[PDB]
Amino acid sequence: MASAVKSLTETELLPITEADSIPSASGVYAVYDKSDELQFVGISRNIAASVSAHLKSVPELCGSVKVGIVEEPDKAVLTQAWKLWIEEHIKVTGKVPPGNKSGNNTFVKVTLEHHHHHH
């Protein structure tokens, strides 16, 4: 990262394939699918872990990931960055997919398969 990231425009790009090289730090991350679109932004204390977990669970969004590591452990900074990040894509394309919404949390509970409501 260059400095304290606010927007995606200040964020570096990492391929999801090289999950080993993803920073195991605290910050915000933006998941870009194969077509390079932002469909999932999230904040985590460990980006690498979270990224590697949900991307192997649902590899549809496997394209690239932009990670914003902020050395300041402030929750508002994390959430603020998250906000500018989601807003960049809201403004330019308008994408707000179910993954970022509190609906079916595929990204929060990964590979465990227990969304308890059988059909």
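Chemist: I'd like a rundown of the environment of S52, residues and numbers included.
Modeler: Relative to the assigned elements, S52 resides in helix α1 (residues 47–57). Distance from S52 to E18, taken between C-alpha atoms, is 9.5 Å for residues 34 residues apart in sequence.

Chemist: Which residues make up the pattern of salt bridges, and what values do they have?
Modeler: All told, the structure shown has five salt bridges when counted by the stated rule. Residue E10 pairs with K6 through a salt bridge whose shortest N-O separation is 3.8 Å. Here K6 falls in the partly exposed class, since its relative accessible area comes to 43%. A salt bridge links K91 to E87; its shortest N-O distance comes to 3.6 Å. Taken together, the residues span about one helical turn, with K91 and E87 both in helix α2 (residues 75–92) at a distance of four residues.

Definitions and limits used
Residues numbered from 1 in each chain as written, not as in the entry; some residues may be left out. Heavy atoms only, no water. Helix = DSSP H or I, 4+ residues; strand = E, 2+ residues; numbered from the N terminus. Salt bridge = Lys/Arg side-chain N within 4 Å of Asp/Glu carboxyl O. Buried < 20%, exposed > 50% of the residue type's maximum accessible area, 1.4 Å probe, protein only.

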